[PDB]
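Below is one structure; the comments refer to it alone.
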Amino acid sequence: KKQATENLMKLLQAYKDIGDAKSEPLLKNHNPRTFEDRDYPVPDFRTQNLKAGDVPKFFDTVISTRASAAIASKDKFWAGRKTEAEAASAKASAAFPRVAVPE
Amino acid sequence: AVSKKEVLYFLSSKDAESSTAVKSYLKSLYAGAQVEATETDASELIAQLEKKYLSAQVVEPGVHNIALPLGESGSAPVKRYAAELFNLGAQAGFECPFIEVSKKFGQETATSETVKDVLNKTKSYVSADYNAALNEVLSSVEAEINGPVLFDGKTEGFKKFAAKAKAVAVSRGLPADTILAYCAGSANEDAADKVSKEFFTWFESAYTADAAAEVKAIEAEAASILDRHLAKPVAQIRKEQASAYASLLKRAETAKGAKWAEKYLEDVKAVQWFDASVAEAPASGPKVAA
Amino acid sequence: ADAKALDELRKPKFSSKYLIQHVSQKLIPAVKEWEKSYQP
Amino acid sequence: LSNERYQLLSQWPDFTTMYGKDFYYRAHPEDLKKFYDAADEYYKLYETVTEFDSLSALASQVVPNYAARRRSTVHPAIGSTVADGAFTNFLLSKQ
């Protein structure tokens, strides 16, 4: 447990240092709007043969499938960010201060 | 009060709640009271059973006044701990442990005629990897006899067993020839003390190594009890130890009028006195009248 | 009350000694009468 | 014994030096749940090793099994090594 907590701080220092090396914004990669493809060809509801009430149900599945592909593209960034830090935290020092407990 | 067979067991005893029963009895004989006649009755079965239940009233407070040498380095805290149990058993009327377990062997097997029966009626009192190690030797010697070995000594087949039963005992680590020459005595006391001083270096290495094996089990029980307890959250511990304190006060508070339960609650009120006395002056400790 | 004694404080508290005594006060009179009334 | 386990909770790395929001937003969100649960586990371990009022009721679970071993019918100080060496005195003498 002491080594797992020391592995996590080596990771959280590696997440910070490979983020500050790119100097990227803080909330950029936690915002799934930045992973959203807005140049997508945006389907026409007039070529889908919809009836009267069937159009707002069509609009929601286009909004779902493009939000759910924007979160799933956010999960693919952090799944690739992890291995860049999980393989760079292992090559570190881990010189951390110890918790102040009474001697 | 005492029934005079308690107070005879508490004369040479040294603990507190028995010696204040003796000092209260010795003050009563001084104030013109006559001493009860000691009964010469209750033949051999009841006489040896009252010794079982009167010596255990001397051993049981005496064991609780002997500090275990847990987590100590050296052989002198184990030779302190064992010698406190030697001197405790002597106050309870036991003899030497060598004399008392050899009495236990001859009591169990007074009518054992075969060596396979003496190895199975003294089974509870011998180390089981020594009792089994005397069964490969009994089965090996049984091959050259092809008849049951008798517990005679004058039988040649017993000397064929005791030629190889002694061969195990030296391989186990215990000098059997210095044991056997101690309990046989000797002619001159000068060479009787060369075997006395080699028995008692086995015996001091014997009573230490099983006083130390009794400590190293308490060290390993307390370390497995603690490491089972350090894995809990602190709120679970506080309610697990509050139910056990409640259910065990309740067991002593249901039993009313019993001697052990009204003495149990006088100990709870005396534990609370110790906490209340330390809370008044904690750099000095509990207050003794002195 | 406070400042009890020494020989009152030297006794080990939660030892048995009175379960052994309570058994010995109920085993011994109940087995002294068994040996005086025994035929197989 | 509770001091030896306290001494290895003393060598735990300071996790509160990484509670800033510049460590929050740089980190993978699942490796921040693990880090915020690894800090909540230290306070579980540290509050149960400094529960020194629990050690008195733990020592009472060791006493009754020990005192019943000393309440032997042979001797309080008997053990196997004395009883083995008093078996060879019993066996290797003539019955």
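Following the order of the structure tokens, first chain is A, next is B, and so on, with residues numbered from 1 inside each chain and ligands from 1 in the order they appear.
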
Could you write out as a ChimeraX atom specification the residues of chain D within 12 Å of chain C, counting only C-alpha atoms?
/D:60,63-64,66-68,71

Exercise answer, chain D residues close to chain A, 10 Å and only C-alpha atoms, as a ChimeraX atom specification
/D:6-18,21-32,34-39,41-42,46

Please report, as a VMD selection string, each residue of chain C to which DSSP assigns helix (DSSP H, G or I) when run on this structure's backbone.
chain C and resid 19 to 35

Using only N, CA and C atoms, please write the residues we just selected to a file, as a JSON list (two decimals), in the first residue's frame.
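Saved the output as selection-v9.json:
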```json
[["chain", "number", "residue", "atom", "x", "y", "z"],
["C", 19, "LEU", "N", -13.95, -19.52, 39.90],
["C", 19, "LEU", "CA", -14.58, -20.62, 39.19],
["C", 19, "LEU", "C", -13.98, -21.95, 39.61],
["C", 20, "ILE", "N", -12.66, -22.01, 39.80],
["C", 20, "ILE", "CA", -12.04, -23.23, 40.30],
["C", 20, "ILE", "C", -12.54, -23.52, 41.71],
["C", 21, "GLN", "N", -12.75, -22.48, 42.51],
["C", 21, "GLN", "CA", -13.29, -22.66, 43.85],
["C", 21, "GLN", "C", -14.76, -23.04, 43.82],
["C", 22, "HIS", "N", -15.54, -22.46, 42.91],
["C", 22, "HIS", "CA", -16.96, -22.78, 42.82],
["C", 22, "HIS", "C", -17.18, -24.18, 42.26],
["C", 23, "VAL", "N", -16.30, -24.63, 41.37],
["C", 23, "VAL", "CA", -16.37, -26.02, 40.94],
["C", 23, "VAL", "C", -15.95, -26.93, 42.07],
["C", 24, "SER", "N", -14.88, -26.59, 42.79],
["C", 24, "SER", "CA", -14.41, -27.42, 43.89],
["C", 24, "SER", "C", -15.35, -27.45, 45.08],
["C", 25, "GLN", "N", -16.25, -26.47, 45.20],
["C", 25, "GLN", "CA", -17.26, -26.53, 46.25],
["C", 25, "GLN", "C", -18.51, -27.27, 45.81],
["C", 26, "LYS", "N", -18.64, -27.56, 44.53],
["C", 26, "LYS", "CA", -19.78, -28.30, 44.03],
["C", 26, "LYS", "C", -19.40, -29.63, 43.41],
["C", 27, "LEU", "N", -18.12, -29.90, 43.23],
["C", 27, "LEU", "CA", -17.69, -31.21, 42.77],
["C", 27, "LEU", "C", -17.34, -32.11, 43.93],
["C", 28, "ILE", "N", -16.65, -31.58, 44.93],
["C", 28, "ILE", "CA", -16.16, -32.36, 46.06],
["C", 28, "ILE", "C", -17.27, -32.88, 46.98],
["C", 29, "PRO", "N", -18.26, -32.09, 47.43],
["C", 29, "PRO", "CA", -19.34, -32.73, 48.20],
["C", 29, "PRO", "C", -20.24, -33.61, 47.36],
["C", 30, "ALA", "N", -20.27, -33.40, 46.05],
["C", 30, "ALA", "CA", -21.07, -34.23, 45.18],
["C", 30, "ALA", "C", -20.33, -35.46, 44.69],
["C", 31, "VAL", "N", -19.05, -35.60, 45.01],
["C", 31, "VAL", "CA", -18.32, -36.82, 44.69],
["C", 31, "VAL", "C", -17.80, -37.48, 45.95],
["C", 32, "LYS", "N", -17.88, -36.81, 47.10],
["C", 32, "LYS", "CA", -17.65, -37.51, 48.36],
["C", 32, "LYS", "C", -18.81, -38.42, 48.68],
["C", 33, "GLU", "N", -20.02, -38.04, 48.29],
["C", 33, "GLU", "CA", -21.17, -38.90, 48.51],
["C", 33, "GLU", "C", -21.31, -39.97, 47.44],
["C", 34, "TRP", "N", -20.62, -39.83, 46.31],
["C", 34, "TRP", "CA", -20.66, -40.87, 45.31],
["C", 34, "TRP", "C", -19.81, -42.06, 45.72],
["C", 35, "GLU", "N", -18.68, -41.83, 46.38],
["C", 35, "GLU", "CA", -17.82, -42.95, 46.72],
["C", 35, "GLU", "C", -18.36, -43.73, 47.90]]
```

At most 6 Å is the cut-off: for each residue in chain C with any atom that close to an atom of chain B, write down the nearest atom pair and the distance in Å rounded to one decimal, counting only C-alpha atoms, chain first then increasing number, as JSON lines.
```
{"residue": "C:3", "atom": "CA", "partner": "B:287", "partner_atom": "CA", "distance": 4.6}
{"residue": "C:4", "atom": "CA", "partner": "B:289", "partner_atom": "CA", "distance": 5.6}
{"residue": "C:5", "atom": "CA", "partner": "B:289", "partner_atom": "CA", "distance": 4.7}
{"residue": "C:6", "atom": "CA", "partner": "B:288", "partner_atom": "CA", "distance": 6.0}
{"residue": "C:7", "atom": "CA", "partner": "B:16", "partner_atom": "CA", "distance": 5.9}
{"residue": "C:10", "atom": "CA", "partner": "B:16", "partner_atom": "CA", "distance": 5.7}
{"residue": "C:11", "atom": "CA", "partner": "B:16", "partner_atom": "CA", "distance": 4.9}
{"residue": "C:13", "atom": "CA", "partner": "B:267", "partner_atom": "CA", "distance": 5.6}
{"residue": "C:15", "atom": "CA", "partner": "B:61", "partner_atom": "CA", "distance": 5.8}
{"residue": "C:17", "atom": "CA", "partner": "B:57", "partner_atom": "CA", "distance": 5.0}
{"residue": "C:18", "atom": "CA", "partner": "B:260", "partner_atom": "CA", "distance": 4.8}
{"residue": "C:19", "atom": "CA", "partner": "B:260", "partner_atom": "CA", "distance": 5.9}
```
